[PDB]
Structures are given as C-alpha cells and as structure tokens.
Amino acid sequence: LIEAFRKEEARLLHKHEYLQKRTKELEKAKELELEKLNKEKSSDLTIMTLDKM
Amino acid sequence: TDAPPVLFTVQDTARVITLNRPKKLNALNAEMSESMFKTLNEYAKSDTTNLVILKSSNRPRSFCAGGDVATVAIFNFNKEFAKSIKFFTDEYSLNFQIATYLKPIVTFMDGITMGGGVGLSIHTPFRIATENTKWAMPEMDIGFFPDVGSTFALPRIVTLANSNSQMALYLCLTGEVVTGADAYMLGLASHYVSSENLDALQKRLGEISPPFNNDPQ
C-alpha cells in the first residue's frame, strides 16, 4: 500500500509535467507550421491581388 | 498601401502585365524589372496561360519612357555602384527573358516607347504600334549607349537601308524619333493597330487557345 500511494502520486505529478511539455511543443509546432504557411512562395506571384484597395 | 508599380491581371487564358508608374511615364526601375522577371517565370511554368500582354495604364500618353537612369546617376554620384549594377542586371535579364520567351508576348506600344520601352517590345515578335507610338533611342544625348539589346535587334529587324546596319546606326547614333505608321514601315513595329481597337484586341487574345493537342509554345 505504501508503494501504491507513492507510485500514484508520482504518476500524477509526472503526468502534469508531461502535459505541460507536450502543450508547449504543440504550441511551438503550430507557430512553425503557421510561419511556413505565411511564407511567400514564387507561385504566389500568379495569384491576383488588390492589396491597395 | 501604395499603388503597385506593375499590375498583373488575368484576361481569360491571357495574362496582362500593366506598367503602373504614370507620373514617371512608366519608367522602369529595379523593382518593376524584378517583379516582371519573376512573374514571367511563373507564367512560363503555368499550363493555363497561353500568352502574355505587356501594356501600360497610361496610354496614349506613354508606354515606357525608358529605364530609370536618373536614379542610376544619383547612385554613381553616391558611389552606390552595387545599386546601379543591380538595376542593369534586372533590366537586361528581363530583356533576355522576353527575347527567349517560349509563349507569345504581345506588347501594346500605345505611346512613347523610348529606351527601356524599346527593350520591352523590340524583343517580341508581336510588337503592336499605334498612331500615338513614338519610338526613339535617345541615349547619345545622356552619355549612355544603346542598351536593352537594341544593338542585336535593330541590325536584324529594320526593313529599309539596313543591309549593313546603316539604318540601325542612324537611329541609335542620332536619336531620331519615329512616329506610328513610320515605325511599322521601318520594322520597329510588327503590326499597326488603331488605339481604339486595343480593347477589342486584348479580349480576342484572351479568348484564343491552342487547338487539339498543341501547346501555346
């Protein structure tokens, strides 16, 4: 029972840390992915635009 | 926010490039040249574009009064020689792209076509002139040379008194201005179309497409 209570507490704390790390990774990956999407390619020259208007 | 120097638009299967520097008579700077050079490479790869049409938004006032050499002069006075060499690498590279372009390019020389403007049309087999056309190469008065491949085109396209490049030398060394019909008869313009008929012509160019299994090239 002592091993059960101490393993459960460790699991809970280790699960919070893993989620925090995973979320930060996902957030960084989303920023990178979005930056690639916003990167201008040469094909974009063939898309008509009316930026000024 | 500011109006783009060159405007690109779709005309059915034709892609219209319009010079948009009216206050400068559509003078060509490094920005304009680079934009046109990059967009033409994309149109060459595209399989939905059959031809390109190079016109101005200032017609009949001017098509292109020439490369922007006044800015290149300030660079020389400021020793910004890298900037000057960029201006000529872009312009001359665009003149080489137009000359070797595999799809039909149709230039509407509806107005003053002097200097860089000549480079935009002289290298296209479809260079249309109008009553408002004013072809000239006024470089001898500014201290420069006949650029934009005019020393390779004029000696090969002029029609009269050009057996030994005599007429080509006359236009390049004297800076004589040729107007409308005379430009067509000398070989400076491949076709002569009234300015009023340019709108209709543009629409027809966008509507024509290669038949059956023939590419636009």
# chains A, B, ... in the order shown; residues from 1 in each chain; ligands from 1

call {"tool": "interface_residues", "arguments": {"of": "chain A", "to": "chain B", "cutoff": "10 Å", "atoms": "only C-alpha atoms", "output": "ChimeraX atom specification"}}
result
/A:42-53

call {"tool": "write_last_selection", "arguments": {"atoms": "N, CA and C atoms", "output": "short mmCIF file (atom, residue, chain, number, x, y, z; two decimals), in the first residue's frame"}}
result
data_model
loop_
_atom_site.label_atom_id
_atom_site.label_comp_id
_atom_site.auth_asym_id
_atom_site.auth_seq_id
_atom_site.Cartn_x
_atom_site.Cartn_y
_atom_site.Cartn_z
N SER A 42 7.11 31.54 -54.75
CA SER A 42 7.12 32.12 -56.09
C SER A 42 5.77 31.96 -56.78
N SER A 43 5.04 30.88 -56.48
CA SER A 43 3.73 30.68 -57.08
C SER A 43 2.76 31.78 -56.70
N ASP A 44 2.98 32.44 -55.56
CA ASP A 44 2.08 33.50 -55.11
C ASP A 44 2.03 34.66 -56.09
N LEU A 45 3.02 34.78 -56.98
CA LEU A 45 3.01 35.86 -57.96
C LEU A 45 1.87 35.70 -58.95
N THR A 46 1.40 34.47 -59.16
CA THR A 46 0.34 34.20 -60.12
C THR A 46 -1.05 34.31 -59.50
N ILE A 47 -1.15 34.69 -58.23
CA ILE A 47 -2.43 34.92 -57.57
C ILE A 47 -2.73 36.41 -57.65
N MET A 48 -3.82 36.77 -58.32
CA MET A 48 -4.17 38.17 -58.49
C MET A 48 -4.49 38.81 -57.15
N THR A 49 -4.07 40.07 -56.99
CA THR A 49 -4.21 40.77 -55.72
C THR A 49 -4.60 42.22 -55.97
N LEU A 50 -5.33 42.78 -55.01
CA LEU A 50 -5.73 44.18 -54.98
C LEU A 50 -5.40 44.79 -53.63
N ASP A 51 -4.15 44.59 -53.20
CA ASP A 51 -3.74 44.95 -51.84
C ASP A 51 -4.15 46.37 -51.48
N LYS A 52 -3.90 47.33 -52.37
CA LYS A 52 -4.17 48.72 -52.04
C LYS A 52 -5.64 48.93 -51.71
N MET A 53 -6.54 48.43 -52.56
CA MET A 53 -7.96 48.62 -52.32
C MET A 53 -8.40 47.96 -51.01
#

call {"tool": "residues_around", "arguments": {"residues": "residue 188 of chain B", "least_positions_apart": "4", "cutoff": "12 Å", "atoms": "only C-alpha atoms", "output": "PyMOL selection string"}}
result
chain B and resi 109+113-114+118-119+121-130+133-137+150+153-160+167-168+171+177-184+192

call {"tool": "write_last_selection", "arguments": {"atoms": "C-alpha atoms", "output": "short mmCIF file (atom, residue, chain, number, x, y, z; two decimals), in the first residue's frame"}}
result
data_model
loop_
_atom_site.label_atom_id
_atom_site.label_comp_id
_atom_site.auth_asym_id
_atom_site.auth_seq_id
_atom_site.Cartn_x
_atom_site.Cartn_y
_atom_site.Cartn_z
CA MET B 109 3.30 50.32 -77.77
CA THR B 113 8.31 53.80 -76.34
CA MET B 114 11.85 55.10 -75.77
CA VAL B 118 12.12 49.59 -76.76
CA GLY B 119 13.63 46.67 -74.86
CA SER B 121 8.89 45.45 -77.37
CA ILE B 122 11.87 45.06 -79.71
CA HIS B 123 12.43 41.50 -78.46
CA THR B 124 8.84 40.34 -79.05
CA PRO B 125 7.66 39.15 -82.49
CA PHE B 126 4.28 40.79 -81.72
CA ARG B 127 5.09 44.46 -81.09
CA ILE B 128 1.98 46.46 -81.99
CA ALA B 129 2.21 50.18 -82.80
CA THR B 130 -0.49 52.84 -82.91
CA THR B 133 3.62 55.44 -80.94
CA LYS B 134 6.88 57.42 -80.60
CA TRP B 135 9.88 55.11 -80.91
CA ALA B 136 13.31 56.59 -80.15
CA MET B 137 16.66 55.68 -78.59
CA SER B 150 18.98 47.19 -79.32
CA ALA B 153 17.66 43.69 -82.64
CA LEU B 154 17.75 46.83 -84.81
CA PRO B 155 20.51 45.47 -87.12
CA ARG B 156 18.33 42.37 -87.69
CA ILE B 157 14.77 43.72 -87.96
CA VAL B 158 14.93 47.09 -89.75
CA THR B 159 13.46 46.86 -93.24
CA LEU B 160 14.94 49.70 -95.33
CA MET B 167 19.65 52.49 -90.69
CA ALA B 168 20.21 50.84 -87.31
CA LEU B 171 18.55 55.60 -85.26
CA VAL B 177 12.03 59.79 -83.03
CA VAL B 178 9.84 57.63 -85.29
CA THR B 179 6.06 58.01 -85.06
CA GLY B 180 3.30 55.46 -85.61
CA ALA B 181 2.99 54.26 -89.19
CA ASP B 182 6.65 55.06 -89.87
CA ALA B 183 7.72 52.71 -87.06
CA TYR B 184 5.64 49.93 -88.62
CA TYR B 192 -0.17 48.70 -86.77
#

call {"tool": "residues_around", "arguments": {"residues": "residue 16 of chain B", "least_positions_apart": "5", "cutoff": "10 Å", "atoms": "only C-alpha atoms", "output": "ChimeraX atom specification"}}
result
/B:7-11,51-56,105-107,202,206

call {"tool": "write_last_selection", "arguments": {"atoms": "N, CA and C atoms", "output": "JSON list (two decimals), in the first residue's frame"}}
result
[["chain", "number", "residue", "atom", "x", "y", "z"],
["B", 7, "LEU", "N", 1.11, 46.17, -62.36],
["B", 7, "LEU", "CA", -0.11, 45.45, -62.04],
["B", 7, "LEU", "C", -0.26, 44.24, -62.94],
["B", 8, "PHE", "N", -0.60, 43.10, -62.34],
["B", 8, "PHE", "CA", -0.79, 41.85, -63.06],
["B", 8, "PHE", "C", -2.26, 41.45, -62.97],
["B", 9, "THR", "N", -2.84, 41.06, -64.10],
["B", 9, "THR", "CA", -4.25, 40.72, -64.16],
["B", 9, "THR", "C", -4.44, 39.57, -65.14],
["B", 10, "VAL", "N", -5.57, 38.88, -64.99],
["B", 10, "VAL", "CA", -5.92, 37.74, -65.83],
["B", 10, "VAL", "C", -6.91, 38.19, -66.88],
["B", 11, "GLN", "N", -6.68, 37.76, -68.13],
["B", 11, "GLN", "CA", -7.60, 38.01, -69.24],
["B", 11, "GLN", "C", -7.90, 36.66, -69.89],
["B", 51, "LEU", "N", -0.71, 33.16, -73.49],
["B", 51, "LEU", "CA", 0.09, 34.28, -73.96],
["B", 51, "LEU", "C", 0.11, 35.36, -72.89],
["B", 52, "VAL", "N", 1.03, 36.30, -73.04],
["B", 52, "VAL", "CA", 1.17, 37.43, -72.14],
["B", 52, "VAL", "C", 1.01, 38.71, -72.95],
["B", 53, "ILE", "N", 0.47, 39.74, -72.31],
["B", 53, "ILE", "CA", 0.23, 41.03, -72.94],
["B", 53, "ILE", "C", 0.87, 42.09, -72.05],
["B", 54, "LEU", "N", 1.89, 42.77, -72.58],
["B", 54, "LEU", "CA", 2.59, 43.83, -71.87],
["B", 54, "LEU", "C", 2.07, 45.17, -72.37],
["B", 55, "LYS", "N", 1.35, 45.88, -71.50],
["B", 55, "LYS", "CA", 0.75, 47.17, -71.84],
["B", 55, "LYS", "C", 1.05, 48.17, -70.73],
["B", 56, "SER", "N", 0.53, 49.38, -70.90],
["B", 56, "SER", "CA", 0.63, 50.43, -69.90],
["B", 56, "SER", "C", -0.77, 50.88, -69.50],
["B", 105, "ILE", "N", 4.32, 36.81, -76.56],
["B", 105, "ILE", "CA", 4.20, 38.06, -75.81],
["B", 105, "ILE", "C", 3.79, 39.15, -76.78],
["B", 106, "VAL", "N", 2.76, 39.91, -76.42],
["B", 106, "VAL", "CA", 2.19, 40.94, -77.28],
["B", 106, "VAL", "C", 2.29, 42.27, -76.54],
["B", 107, "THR", "N", 3.16, 43.15, -77.02],
["B", 107, "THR", "CA", 3.36, 44.46, -76.41],
["B", 107, "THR", "C", 2.53, 45.51, -77.14],
["B", 202, "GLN", "N", -7.35, 42.95, -77.11],
["B", 202, "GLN", "CA", -7.00, 42.29, -75.86],
["B", 202, "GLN", "C", -7.99, 41.19, -75.52],
["B", 206, "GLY", "N", -7.23, 36.98, -75.25],
["B", 206, "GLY", "CA", -7.54, 36.13, -74.11],
["B", 206, "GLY", "C", -8.42, 34.95, -74.46]]

call {"tool": "atom_distance", "arguments": {"atom1": "atom CA of residue 26 of chain B", "atom2": "atom CA of residue 66 of chain B"}}
result
7.7 Å

call {"tool": "closest_residue", "arguments": {"among": "B:44, B:142, B:65, B:99", "to": "residue 21 of chain B", "atoms": "only C-alpha atoms"}}
result
B:65
